[PDB]
Amino acid sequence: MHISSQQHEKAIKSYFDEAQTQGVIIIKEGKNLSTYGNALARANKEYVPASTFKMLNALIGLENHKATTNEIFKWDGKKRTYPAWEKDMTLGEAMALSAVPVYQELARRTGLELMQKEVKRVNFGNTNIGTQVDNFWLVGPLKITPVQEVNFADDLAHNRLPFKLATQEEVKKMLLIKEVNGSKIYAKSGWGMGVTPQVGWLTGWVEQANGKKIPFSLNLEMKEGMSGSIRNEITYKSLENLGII
Ligand SMILES: *[B]([O])([O])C1=[C][C]=[C]C([N]C(=O)OC([C])([C])[C])=[C]1
Ligand SMILES: O=C[C@H](O)CO
Ligand SMILES: O=C[C@H](O)CO
């Protein structure tokens with residue numbers, strides 16, 4: 001509309017600056033990528049995917065019959081970092097809670113050889129999973145750029161990934177995080193705990209009421225003390241500033 005690009009860029013930059021971190025949000029409209037934020041050079045830099053990999057882990061596990069969407073993964077009874085992980089849950093529940101143990105079990109079911117084949121087949125990030133099937137998305141060697149993440153989101157949103165349609169639809173159902181006046185936001189957060197500096201992600205898309213899908217990827221540095229919700233807050237403020245929601 002009437003707001004200048006200068007003003008949108010200043011606003012979105014300010015959301016990162018006010019959080020006292022450095023980051024970017026990339027938005028894709030059709031084929032065009034737009035880069036906003038306070039550290040634009042991050043757009044083509046590699047970071048661990050962290051829990052954003054759960055989207056791909058789920059696609060792989062479902063496609064390869066290593067789980068179903070109704071299967072309840074039982075809690076083993078051992079102490080976890082958060083109480084919400086000390087419970088039985090499905091893949092979709094684990095997606096929302098970013099329950100690493102569930103997705104480590106899924107990864108171990110898939111196994112190293114198949115996992116590597118599938119990550120290569122999808123062309124995800126640097127494509128390298130190394131030798132440890134249960135943490136390769138967390139500590140390396142798998143890495144991905146924000147441009148690659150928004151492009152993955154665009155692929156999933158439009159059922160373009162090399163998986164069955166129904167596999168993609170199943171995973172997409174797991175990713176609904178917010179509804180805002182008629183728009184739906186599908187996304188997965190990431191937080192690279194135990195990498196340094198720590199990366200934060202929120203990668204997904206907006207499905208507008210008219211059916212248009214607008215992929216995005218937020219990437220920032222998570223600082224001591226920071227709440228995970230800052231990823232969501234910056235994302236929503238940016239999308240709102242641009243009129244996408
Ligand atoms: B994900 O939301 O980025 C996520 C959830 C839980 C835990 C981790 N990372 C993690 O446990 O990393 C090690 C390095 C294994 C402590 C990430
Ligand atoms: O990393 C530190 C902050 O961006 C300072 O305002
Ligand atoms: O940039 C994105 C492509 O999707 C991966 O090489």
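We count residues from 1, following the sequence as given. Below, all heavy atoms of this structure are taken into account, side chains as well, without hydrogens, waters or symmetry copies.
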Does the pair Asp88 and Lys74 meet the rule for a salt bridge (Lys or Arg N to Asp or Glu O under 4.0 Å), with working shown? CA-CA 4 Å; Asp88 309 330; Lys74 297 293 173 67; 5.1 Å; no

Check the pair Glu233 / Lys237 against salt bridge (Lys or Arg N to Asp or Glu O under 4.0 Å), numbers first and verdict last. CA-CA 6 Å; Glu233 294 159 3; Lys237 285 177 175 190; over 6 Å; no

Salt bridge (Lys or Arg N to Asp or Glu O under 4.0 Å) evaluation trace for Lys13 with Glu9: CA-CA 6 Å; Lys13 173 175 175 294; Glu9 292 171 20; over 6 Å; no

Applying side chain to side chain contact (heavy atoms under 4.5 Å, CB included) to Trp85 and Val100, what does each step give before you reach the verdict? CA-CA 9 Å; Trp85 298 345; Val100 181; 4.3 Å; yes

Test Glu105 against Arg108 for salt bridge (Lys or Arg N to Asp or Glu O under 4.0 Å), laying out the working first. CA-CA 5 Å; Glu105 168 64 9; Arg108 288 173 184 126; 5.0 Å; no

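Side-chain atoms of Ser4 come within 3.5 Å of backbone N or O of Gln7 as a donor-acceptor pair. At least one donor-acceptor pair under 3.5 Å links the side chain of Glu63 to the backbone N or O of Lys164. Checking side-chain atoms of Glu207 against main-chain N and O of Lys213 turns up no donor-acceptor pair under 3.5 Å. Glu221 places no side-chain N or O within 3.5 Å of a backbone atom of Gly23 that could act as its donor or acceptor partner. Side chain of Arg231 to main chain of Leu218: no donor-acceptor pair is present (N/O by atom type, distance under 3.5 Å, no hydrogens or angles). Remark: the backbone N or O of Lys78 is paired with a side-chain donor or acceptor of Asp76 at under 3.5 angstrom. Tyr103 contributes a side-chain N or O that, together with a main-chain N or O of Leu91, makes up a donor-acceptor pair within less than 3.5 Å. A donor-acceptor pair is defined here as one N or O able to donate and one able to accept, closer than 3.5 Å; no such pair exists between the side chain of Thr167 and the backbone of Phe163.
There is no side-chain donor-acceptor pair under 3.5 Å between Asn219 and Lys45. For the 3.5 Å distance criterion, the side chains of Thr203 and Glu149 qualify, holding a donor opposite an acceptor. Between the side chains of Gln148 and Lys143, no donor-acceptor pair is found at a separation under 3.5 Å.
The nearest pair of heavy atoms linking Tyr186 to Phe216 is O-CZ, 4.4 Å. The heavy-atom pair separating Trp191 from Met226 by the smallest distance is CH2-O, 3.6 Å. The two residues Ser183 and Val206 come nearest to each other via the heavy atoms CB-CG1, 4.1 Å. When every heavy atom of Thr127 is checked against every heavy atom of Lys120, the shortest pair comes out as OG1-CD, 3.9 Å. Considering every non-hydrogen atom in both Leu97 and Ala84, the closest pair reads CD1-O, 3.7 Å. When every heavy atom of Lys188 is checked against every heavy atom of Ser98, the shortest pair comes out as NZ-OG, 2.9 Å.
Residues forming a salt bridge (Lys or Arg N to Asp or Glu O under 4.0 Å) with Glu93 (at least two apart in sequence, or on another chain): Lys87. Contacts of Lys184 classified as salt bridge (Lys or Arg N to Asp or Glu O under 4.0 Å), with partners at least two apart in sequence or in another chain: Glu179.
Shown here is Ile72, whose CD1 atom has no more than 12 heavy atoms of other residues, nucleotides or ligands within 6.0 Å. Atom CD of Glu71 sits in a crowded spot, with more than 12 heavy atoms from other residues, nucleotides or ligands closer than 6.0 Å.
Geometrically, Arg160 does not engage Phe152 in a cation-pi contact defined by less than 6.0 Å to the ring centre and at most 45° from the axis.
In this pair, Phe136 and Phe53 present their aromatic rings perpendicular. The plane angle is above 60°, beyond the 30 to 60° band.
Taking CG of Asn57 as the start and NZ of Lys66 as the end, the distance is 12.5 Å to the nearest 0.5 Å. The distance from atom CD1 of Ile60 to atom CZ of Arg109, rounded to the nearest 0.5 Å, is 15.0 Å.
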